[PDB]
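Everything on this sheet refers to the single structure shown next.
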Amino acid sequence: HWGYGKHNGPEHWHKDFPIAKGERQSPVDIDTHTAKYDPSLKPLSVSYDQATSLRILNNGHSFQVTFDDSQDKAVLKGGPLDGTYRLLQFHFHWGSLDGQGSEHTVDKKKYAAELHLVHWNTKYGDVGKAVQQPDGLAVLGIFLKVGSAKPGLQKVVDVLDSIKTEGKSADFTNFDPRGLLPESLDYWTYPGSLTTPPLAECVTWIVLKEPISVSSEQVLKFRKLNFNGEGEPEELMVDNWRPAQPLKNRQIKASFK
Ligand SMILES: CC(=O)[C@H]1CC[C@H]2[C@@H]3CC[C@H]4C[C@H](OS(N)(=O)=O)CC[C@]4(C)[C@H]3CC[C@]12C
Ligand SMILES: [Zn+2]
């Protein structure tokens with residue numbers, strides 16, 4: 001039932017998922033001047049050398065690239081995290097136009113899109129158990145601006161024609177997510193939630209300061225995806241972002257001065 005439209009979008013989600021009005025909801029506006037530099041924060045450890053991508057899927061809300069998370073092959077550690085988080089999938093949020101699409105904002109600035117690399121804490125054994133824990137998930141968030149192409153994204157863009165509508169999936173092996181990362185791992189971090197139903201308050205957010213640049217042609221291909229299933233009225237998969245939620249009693253910490 002839930003989606004991003006007038007009648008089922010973010011302003012409606014609290015009816016099925018009352019935690020939507022909870023104390024640690026995501027995304028948020030990152031007020032860069034209010035974020036506290038924390039010299040105690042460790043550099044983020046991103047270990048993706050042995051990542052095994054499996055499939056690419058249109059779930060009717062985004063598309064995701066799924067990984068083998070049955071072993072510690074692609075893990076996030078350090079930064080604000082205690083222990084080891086396995087990469088499950090990455091997906092994106094994007095806009096109908098370049099001036100919107102990101103879920104996090106930076107001083108109220110919206111980017112064209114936001115990449116989420118979703119990881120779960122191995123101490124909880126499976127992602128279903130991890131989403132029931134306040135430190136279950138770590139999501140690495142990367143902003144996309146429009147300019148030069150990101151060569152590492154092109155393999156993703158080129159298969160989207162094969163998963164146009166909700167339910168479609170394809171083999172997507174040997175995709176290296178290191179090709180999606182910016183130079184700097186400087187980050188902001190805060191305790192938050194999933195940004196779609198069920199909006200579980202299980203996420204340590206790690207949002208990189210440095211955006212990646214993608215081309216207009218790359219993001220145009222995201223906008224050709226469909227929310228609808230094949231044979232239903234065509235509704236472009238655009239504006240699949242939740243707006244910024246109240247920060248309430250939280251502190252955003254910066255890894256950098
Ligand atoms: C209730 C469940 O079975 C959980 C276990 C794993 C969860 C998924 C983990 C991956 C995240 C990514 C994502 O969240 S985000 N934007 O905060 O990274 C959309 C929700 C979704 C699909 C989650 C939906 C709820 C799932 C399926
Ligand atoms: Zn997301």
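The basis for the numbers below is simple: all heavy atoms, side chains too, and nothing from hydrogens, waters or symmetry mates. One-based numbering, in listed order, for ligands and for the atoms of each. Index from 1, following the sequence.
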Closest protein heavy atom (residue, atom, distance) for [atom]:
atom: atom 3 (O) of ligand 1; result: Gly128 CA, 5.0 Å
atom: atom 23 (C) of ligand 1; result: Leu194 CD1, 4.2 Å
atom: atom 4 (C) of ligand 1; result: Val131 CG2, 4.0 Å

I need the atoms of ligand 1 closer than 4.0 Å to a non-hydrogen atom of [X], numbered in the order shown.
X: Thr196; result: 19 (C), 20 (C)
X: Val127; result: 6 (C)
X: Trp205; result: 17 (O)
X: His93; result: 16 (N)

- Might you work through the side chain to side chain contact (heavy atoms under 4.5 Å, CB included) test for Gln25 and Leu199, ending with a clear yes or no? CA-CA 7 Å; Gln25 289 288 293; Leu199 301 168; 3.7 Å; yes
- Query: Does an N or O from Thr195, backbone or side chain, lie closer than 3.5 Å to an N or O of ligand 1?
  - Reply: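 For ligand 1, there is an N or O atom that lies under 3.5 Å from one belonging to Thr195.
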- Query: Taking non-hydrogen atoms only, is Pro198 closer than 4.0 angstrom to ligand 1 via side chain, backbone, both or neither?
  - Reply: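 Only the side chain of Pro198 comes within reach of ligand 1.
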- Just heavy atoms, cut-off under 4.0 Å: does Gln64 contact ligand 1 by side chain, backbone, both, or neither?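 The answer is neither.
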- Message: What do you get for the angle at the Zn ion (ligand 2) between NE2 on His91 and NE2 on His93, to the nearest 10 degrees?
- Response: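 Rounded to 10°, it measures 100°.
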N-O pairing of [X] and [Y] below 4.0 Å:
X: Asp107; Y: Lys109; answer: no
X: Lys110; Y: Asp29; answer: no
X: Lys168; Y: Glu230; answer: yes
X: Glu23; Y: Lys248; answer: yes
X: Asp135; Y: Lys123; answer: yes

- With distance as the sole test, does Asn240 use its side chain to make a donor-acceptor pair with the main-chain N or O of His93 at under 3.5 Å?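 Here the side-chain-to-backbone pair does not exist.
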Geometric class of the [Y]/[X] ring pair [parallel <30°, tilted 30-60°, perpendicular >60°]:
X: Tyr190; Y: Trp205; result: parallel
X: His116; Y: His91; result: perpendicular
X: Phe143; Y: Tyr111; result: parallel

- atom 16 (N) of ligand 1 touched by protein heavy atom at under 4.0 Å: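 It does: a protein heavy atom is found less than 4.0 Å away from atom 16 (N) of ligand 1.
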- Answer yes if a protein heavy atom lies under 4.0 Å from atom 27 (C) of ligand 1, otherwise answer no.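 No; the ligand atom in question lacks any protein heavy-atom contact below 4.0 Å.
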Evaluating non-hydrogen atoms only, which member of [options] is closest to [atom]?
atom: atom 13 (C) of ligand 1; options: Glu114, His91, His116; result: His91
atom: atom 9 (C) of ligand 1; options: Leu115, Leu88, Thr66; result: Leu88
atom: atom 22 (C) of ligand 1; options: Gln89, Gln132, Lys129, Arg242; result: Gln89

- Trace of the side chain to side chain contact (heavy atoms under 4.5 Å, CB included) decision for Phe222 with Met237: CA-CA 8 Å; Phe222 287 12; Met237 184 180 283; over 6 Å; no
- Message: Please give the atom name: the N, O or S atom of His116 nearest to the Zn ion (ligand 2).
- Response: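 When I compare the N, O and S atoms of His116, ND1 is nearest to the Zn ion (ligand 2).
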